[PDB]
Amino acid sequence: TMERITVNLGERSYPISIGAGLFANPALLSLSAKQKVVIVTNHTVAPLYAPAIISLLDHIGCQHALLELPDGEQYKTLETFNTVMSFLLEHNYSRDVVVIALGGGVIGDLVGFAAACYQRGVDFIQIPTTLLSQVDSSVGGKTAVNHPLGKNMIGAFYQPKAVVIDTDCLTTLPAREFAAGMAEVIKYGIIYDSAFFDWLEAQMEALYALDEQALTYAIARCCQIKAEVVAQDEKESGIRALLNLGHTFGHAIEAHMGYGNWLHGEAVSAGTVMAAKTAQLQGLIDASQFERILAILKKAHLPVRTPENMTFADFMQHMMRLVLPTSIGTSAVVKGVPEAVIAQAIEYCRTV
Amino acid sequence: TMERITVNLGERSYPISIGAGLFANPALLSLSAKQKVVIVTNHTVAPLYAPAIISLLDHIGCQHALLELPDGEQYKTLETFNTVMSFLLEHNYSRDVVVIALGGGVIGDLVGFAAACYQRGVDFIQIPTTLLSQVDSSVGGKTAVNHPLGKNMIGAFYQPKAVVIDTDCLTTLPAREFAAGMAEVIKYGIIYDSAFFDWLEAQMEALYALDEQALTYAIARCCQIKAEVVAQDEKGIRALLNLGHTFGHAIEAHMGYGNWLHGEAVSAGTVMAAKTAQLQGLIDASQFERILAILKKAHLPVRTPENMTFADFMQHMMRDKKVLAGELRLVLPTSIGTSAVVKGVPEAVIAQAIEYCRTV
Ligand SMILES: NC(=O)c1ccc[n+]([C@@H]2O[C@H](COP(=O)([O-])OP(=O)(O)OC[C@H]3O[C@@H](n4cnc5c(N)ncnc54)[C@H](O)[C@@H]3O)[C@@H](O)[C@H]2O)c1
Ligand SMILES: NC(=O)c1ccc[n+]([C@@H]2O[C@H](COP(=O)([O-])OP(=O)(O)OC[C@H]3O[C@@H](n4cnc5c(N)ncnc54)[C@H](O)[C@@H]3O)[C@@H](O)[C@H]2O)c1
Ligand SMILES: [Cl-]
Ligand SMILES: [Cl-]
Ligand SMILES: [Cl-]
Ligand SMILES: [Cl-]
Ligand SMILES: [Cl-]
Ligand SMILES: [Cl-]
Ligand SMILES: [Cl-]
Ligand code: NA
């Protein structure tokens, strides 16, 4: 009772296992008893889910070790990366070591990049534990760390050997974090799959109730969508941009409200609404299409209104090309949208 | 006169251009006006070749910037890597920036790793200015930086868009560094190609006189050989490139930071490996002598350091590497042009080889 997606990358092809109680199936890890595994997680996730993974490794017969990094985006740095390197080196780990990234997107990116650079690359397995990481970190191979002068500017494209997603870990995930992740779930429906959007409209209640079947289906379809978006980009470099719906306006909110105030997903929600209205003002979608987009984000308990104290100037400050929906299920990168239209989109969204 | 070698790696195929006066040909860079370009070099090489390169960028119309890292292996660290990230970020460079690595192997590896990680990968052009970097770094995709607990343990496989080798730059390379480079050129002859070894014996003096034709052929041949070894390793054979490194690292570790150049330790290491091979019957006496003779002709050290005992070698080759008696593993020549990885070489044979090399 679980779905499995296979990301096509030839030699790098891997499986994404998504289901309930998966942390009990040792065969999803694909490891031999001779392999030495190192679980890298943070101080919060460790006591919660490390034990399940640790028991999974003992059944197989693997020799293991645990490394707990400090919890927080402020620690997604080169220094913490170095902590992973130092650890791997002081315990004499070879290029055959298998690294398991157990945690949210912060751990996924940092440990993934750590895995990419150690002796020029060692196998790693993702075990995302936030809704956002499960639907975004699982595909694309992006890994990174921050620099004082810039976020996610140091990194690499590195694929995992496997990705294990047990929908049960979401139960301990804080309400806001879960909602923040729905922003991304909803995004896929808007930009690429009309049928999936309609399904989301009907199953929101069930998703927020943490219905097993609904979660599994939702996460699985997001991973497929992103996998196809990325597969196309290798043929014609351009469609992967579509994944940035709402990020332009969103980034401006986060940047202005101070990082950590608004979660990224909440900022993406309001940005998506602003993008949709911009689309409507440009004639790319109609009134009722906008209303369906607005209504679903509201149903997902996400912010949809322009922040009370952000002026149009504040947005331009961080904004100065946009991803706009062209219907519910289709989108496009639109170039040359007049400031006036953007301004009116921003102002209009104070009424939603 | 110019040789061009295409390194075949599918979508990531790149050209290696080798010749005299290549720094006067802007076409070799494949750049465009207004394209952002950054030259990363060190304080020593900058005043010798940055102006030439900057001249090409100005001709083309590129907006450029220069980063001068400190000269030294001690600086090939993750923090210096961070300094390149900082430099790139303070200039607000996008993924369209082109990074030029101008210098020896230290710059090649570090800037290469920088190019690999900045915004997850930007284009970099490699302009190796030492003989060793020209014949060992131009092919292989290896980039890395050191960690206090391990040399070259943090890095990535990242291919350059192009490699430009202007043989004129060897004119300013210190005699010692040039010779260290030759230890690697000779390496290729010993382990993979008999004809090239013979050719090296015949033209060694021309090479030291910095003959343009000789330099171009020698460096082009080394790049071709490595390109084959590497492509053949994807299908093991690449490990044969470590001829002498075991004995070599023992010398480097014992003698201390930057006392002996890597190529120097490799040369004496190669002679010890060759002798060990002779005693095991893997090569004959005359073959050992041609190896000894060509390394001396290249003005390289070929003897066991006088102040270093057998026990000294063993503490590094065995004790520190957790290699117990009967477990030594060494790449040994099996003739002039072939080699193999040999294990279980008795310590008594290595012991006498080390002793015999005190007076070769
Ligand atoms: N690589 C990619 O393609 C990609 C995509 C999207 C986001 N990201 C990155 O991901 C990061 C954000 O990820 P995030 O949103 O998961 O934040 P996060 O990783 O900080 O996780 C949020 C918080 O929840 C805790 N947590 C995680 N799982 C939990 C659980 N099951 N129960 C209770 N608490 C739990 C963590 O300790 C953390 O405090 C950003 O740095 C972003 O750049 C990367
Ligand atoms: N990536 C690979 O496959 C590979 C292969 C072999 C070595 N390496 C690395 O290369 C590094 C050693 O490289 P190296 O031997 O070139 O040392 P290096 O890069 O330190 O150069 C030696 C010295 O020559 C100076 N120099 C360079 N070009 C000069 C010139 N034209 N004129 C005057 N001075 C010049 C440098 O400033 C330096 O002082 C090591 O860290 C090693 O790990 C990498
Ligand atoms: Cl432990
Ligand atoms: Cl934080
Ligand atoms: Cl508000
Ligand atoms: Cl400058
Ligand atoms: Cl000199
Ligand atoms: Cl060694
Ligand atoms: Cl003999
Ligand atoms: Na032989």
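Each reported figure results from applying straightforward, stated rules to the coordinates on display, with no laboratory input. Backbone-built Cβ (ideal geometry, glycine too); neighbour counts: all protein chains shown.
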Label zone at A:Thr44 (point 7 Å along Cα-to-Cβ), backbone N below 15 Å, the range A:164-184: A:169-181
Rounding to the nearest 20 debye, state how big the charge dipole of the range B:173-360 is about its Cα centre with +1 on each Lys and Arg Cβ and -1 on each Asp and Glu Cβ. 420 debye
The range A:164-293, relative contact order in percent, only Cα pairs under 8 angstrom and at least six apart counted: 24 percent
For A:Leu29, A:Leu48, what's the fewest-to-most ordering of other Cβ within 10 Å of each Cβ? A:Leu48, A:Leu29
Size of electric dipole in the protein assembly as shown: Cβ of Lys, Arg +1 and of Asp, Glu -1, about Cα centre, debye, nearest 20: 440 debye
Run the reach check for B:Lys297 against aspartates and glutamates, Cα to Cα strictly under 18 Å, same-chain hits fewer than 8 apart removed. What comes back? B:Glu177, B:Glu184, B:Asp198, B:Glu201, B:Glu205, B:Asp211, B:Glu264, B:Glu289
Note, ³J(HN,Hα) from phi for the range A:311-319, Karplus 6.51, -1.76, 1.60, rounded to Hz, x at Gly and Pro: 8, 4, 4, 4, 5, 4, 3, 8, 8
Distant-in-sequence amide H partners of B:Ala20 (H built 1.01 Å from N, under 5 Å): B:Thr167
Would you order B:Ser133, B:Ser94, A:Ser30 from fewest to most other beta-carbon atoms within 10 Å of each residue's own beta-carbon? B:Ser94, A:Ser30, B:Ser133
Take the Cβ-Cβ distance between A:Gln232 and B:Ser286 as r, set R0 to 51 Å, and report the resulting FRET efficiency rounded to the nearest 0.05. 0.20
Which whole number gives the average, over all residues in A:80-88, of C-beta atoms from other chains lying within 10 Å of the residue C-beta? 3
Given only helices, namely DSSP H runs of n ≥ 4 each adding -39500 (n - 2.57), what is the per-residue ellipticity at 222 nm of chain B, to the nearest 500 deg cm²/dmol? -14500 deg cm²/dmol
In sequence order, calculated HN-Hα J values of the range A:109-115 (Karplus, 6.51, -1.76, 1.60; Hz; x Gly/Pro): 4, 5, 6, x, 5, 4, 5
Quick one: which residues, 5+ away or cross-chain, put their amide H under 5 Å from the amide H of A:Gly103? H built at 1.01 Å from N. A:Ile127, A:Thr129
Would you please give the residues with an amide H less than 5 Å from that of A:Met153, counting only those at least 5 places away or on a separate chain, with H modeled from the backbone geometry? A:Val145, A:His147
Cβ-based exposure ranking for A:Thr167, A:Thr172, in which fewest neighbours within 10 Å come first: A:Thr172, A:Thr167
Going by Cα centres, the range B:189-259 and the range A:236-300 are how many Å apart? 58 Å
In terms of the alpha carbon gyration tensor, root eigenvalues a ≥ b ≥ c, rounded if a/c is under 1.5 and otherwise prolate when a/b exceeds b/c or oblate, the range B:1-172 is rounded
Model label zone, B:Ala24; criterion: amide N under 15 Å from point 7 Å along Cα-to-beta-carbon; scope the range B:42-61: B:52-53, B:55-56
Unsatisfied cross-links (Cα-Cα over 25 Å) in the set A:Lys161/B:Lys322; B:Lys36/B:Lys161; A:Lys142/B:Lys226; A:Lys34/B:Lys187; B:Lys34/B:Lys161; B:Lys142/B:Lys343: A:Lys161/B:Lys322; A:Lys142/B:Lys226; A:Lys34/B:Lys187; B:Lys142/B:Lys343
Mind listing which GluC sites (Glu not before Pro) in the range A:215-307 are in a DSSP loop and have 14 or fewer other Cβ atoms within 10 Å? A:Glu234, A:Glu236
Using +1 at the Cβ of each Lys and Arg and -1 at the Cβ of each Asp and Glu in the protein assembly as shown, identify which of A:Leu243, B:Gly19, B:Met272 lies farthest towards the dipole's positive end. B:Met272
For the range A:290-306, Karplus-derived ³J(HN,Hα) couplings (6.51, -1.76, 1.60; θ = phi - 60°; whole Hz; x for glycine and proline) come out as 4, 4, 5, 5, 4, 4, 6, 5, 5, 5, 7, 6, 10, x, 10, 9, 3
Between A:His301 and B:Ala202, the two model label points (7 Å from Cα along the beta-carbon direction) sit apart by a distance in nm of 8.3 nm
